[PDB]
Every structure is written in structure tokens, then in C-alpha cells.
């Protein structure tokens, strides 16, 4: 039972963002990690389903964008992101890849799935091991947002639905990987209290805990605050909304320490129109981002808005009228030291594409851990 260093690869990275699997190689990321989650597969009619057919297995890569350095061919059985993953594992054989299902957008279908779990499990296994790409995936990740609670949509399946689903997956996946990503809400009447994660814990290999997005510019007038604080701090708007308080909640319910991974966001959240040099103050609205307001990649923020302080185990950035909060190589290292003192199984990155070209965020996470 050794240490896990995981990160998410997003399927749509290959489109406008131009972030490909070859990038995990050139940034040295592939050398320093232990697992990759591919995100996301869909959930339809109570079954696992493909997410983007073109991106997942049909796209032809060119010589100069592919991992192996060779262009895909028409005669080829496999292509697209899956073929690239294939080419990467051949280069970096110790890496294991999980296919991830759900996400913020595609979690609406988990309720129908939780009504016949064995069917859901069987369908997933058959897809993960489709003859076209059998061998490529070493297990499955369930990113259900959120069981018996509210995400993009509200679910009322009960506290034991999540357990039922995981048990089913364990039964049909055997000795392969079954992991899940989970809420980091430890407050009274919150998302962890809503589902029995401790009971489901015995079927999973580990939980990916989403200890980020605690605060952000959806509270457009503020108050401003770090989105991924490690511990509590004085100004905090909502008590109990910290990485530390999330972990403890799971541990208290009975989830063991080595079934938990700490989440690191390779992005920042920010407001514009702030009075003061540090967080706590009001704002006019969301800071301007590239792909959506209030959010920016670290590869970009490290330049446009360099770090000016620290609070609660994480970092903040003042520049003009904007206040951004995100993790840096130094805050990540102190966070990893914390994970080791806590006996966590490891940590993970959401998501790879926000890191720099020399992979310095993933390098900090890796070097920090046992």
C-alpha cells in the first residue's frame, strides 16, 4: 500500500486549449506521477457511456503532436486520446490510467444508475475493456457530483446509493482500481453528512477529495477568500470549509487515512475591484479569466498576477484591482508535508493542463510526498 501521485487529463484539452498527452511527457510530468485519470466518460440510461467519441478514439494525431513521434494512420485500429495514452504507457510503463466517469456536467445520470447498480457496473467494465482499447485502462474512477446532495443537479437517492454503486463496481472490477472523487464539504448538514462514505470506503482503493473551490467569484461581490485553504483562518467566511476540516470529517466517519488523497488545484479563483492588499475585502465582480470568469490557469497567473502573500496554508495574489488565490510550488510543498504527517495515501492534481510547460506544480507535489 504505497504512495499515490495522481492527476487528471481532460478529454477536451485536445481542442482549443491545445493540451495533449505528449505534454505530460515534455513537461516531465509523466516521469513524476503514478496514476492518470482520464476525464470524463458520460452516464446514460443507467450505464457507463463514451463522452466524446472523436476525441477519445478516432482523432488522427500528426507526427509532431503525438507522443511516440509517429502520425496516426487510417488503417489504425485505435486513435485519438486513447491511442496517445497507449503510446505514453509504453514509454512510461509504471503509470496506471483510470477512466473517469461523471463530472459536474454529467452527474445527472447517476440516480438511474443507482437504481440498478449491477447493470451499471457490468456496462462500465465492458466499456473500460472494449476490445478496441483493452489494456489501456487499469481501473475506473467515479466522479459523482453529488450523491444525496446538490451539484449542478440535486439528487435524492439516499445515503447508501453511493455504497451500492461502489460495491457493484468492486464486484465486477475485481483486483483492478476502483476509485471515486468526493465532496470536501465537512459542515453540518453538508455533503459528506449526506451520504455514507465510510461504508462505501471498504470497496474503493481510495477517495480523490475535492479540497478546492471552497470559495470563489460566484459570490461576485465577495467577500474574497482563498479557494483552497489548508487550515482555518480568522476571516474565513464559512467555518469548516478547509482542506483540513474535510479530511477530518471523513476520518471521523471511519474512512481510513490511506484511502484519502489531497486535492490540489492547478488554477486560481479571483475577483476584481478590491480595496485592500489581502483577502477578506469586497469586490466588484469576478476577475477576468481566459475560459470562464473567476478562474485562471496557474501557467498564466504565475505571470499576469504573481503571488504577494500567504494565508491559511495557501497563497494569494494582488495586482491592480484583482485578488487571485492559488497554490504555488512553496504552498504545495507545505501541504504535502501536512499530508505526510496525516498519513494520507497521496495527492492529486486538477488538472494537468493548468500547470506550466516545465511541470513545476506537479514537480512540487511529487517531491513533497513520501
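Numbering follows the first chain given and starts at 1.
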item	value
Average Cα temperature factor in the PDB entry - higher stretch of 193-201, 281-289	281-289
Of 51-59 and 310-318, the stretch whose C-alpha atoms average the higher B-factor in the entry	310-318
Which of 120, 133, 106, 74 ranks first by CA B-factor in the deposited coordinates	74
Most elevated Cα B-factor in the entry, residues 158, 263, 268, 223	223
Third of the chain, ranked by Cα B-factor, where residue 14 sits	middle
Relative C-alpha B-factor of residue 250, binned into the chain's lowest, middle or highest third	middle
Third of the chain's Cα B-factor distribution that residue 86 belongs to, per the entry	lowest
Residue 256 - Cα temperature factor, lowest/middle/highest third of chain	middle
Chain third (lowest, middle, highest) by recorded CA B-factor, residue given as residue 43	lowest
